[PDB]
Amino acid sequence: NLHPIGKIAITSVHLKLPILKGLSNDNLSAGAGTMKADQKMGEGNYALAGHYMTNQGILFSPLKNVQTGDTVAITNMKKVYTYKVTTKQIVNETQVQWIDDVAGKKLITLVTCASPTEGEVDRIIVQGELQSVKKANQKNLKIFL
């Protein structure tokens, strides 16, 4: 009953998760939560956060293995938005500007803890630039199966 609004896939690290609205603890434990109220796929800077791991095991920790040039795809089941990773950084939690819209860019920004340890102050940031928007047909949706 979290009601996913989409899905994210990063084939390079075998990540496939629901996208959920907002950063509730439940959302962050189940998938990628939207970091801003008003963001839209394929527009501005689409920001998503998830826990590094849960009780069960890994969640967003595979971000640590994502490299520049990797593709990240999201869908709302209407269109598929494919982004190409332009940076991966470990930053301090205070660097909130990473999720801000950037004039003349269409970005995705993925955020998780730098580690599972108590009171971790650092975050893994994976950011990418929109490469394509395609109709959510069988061919383009396959990667989300």
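In case it trips you up, residue 1 is the first one in the sequence shown, and so on.
Checklist entry - If you average the Cα B factors in the entry, which is higher, 64-72 or 26-34? => result Mean B over CA atoms: larger for 64-72.
Checklist entry - Averaged over C-alpha atoms, is the B-factor higher for 91-99 or for 106-114 in this PDB entry? => result Mean C-alpha B-factor is greater for 91-99.
Item to check | Identity of residue with top Cα B-factor, from 41, 77, 49, 58 | outcome: If I rank 41, 77, 49, 58 by C-alpha B-factor, first place goes to 58.
Item to check | Given 121, 19, 124, 15, the residue at which the Cα B factor reaches its maximum | outcome: So the option with the highest C-alpha B-factor is 121.
Item to check | residue 5, C-alpha B-factor rank within chain (lowest, middle or highest third) | outcome: Tercile = lowest for this residue's CA B-factor.
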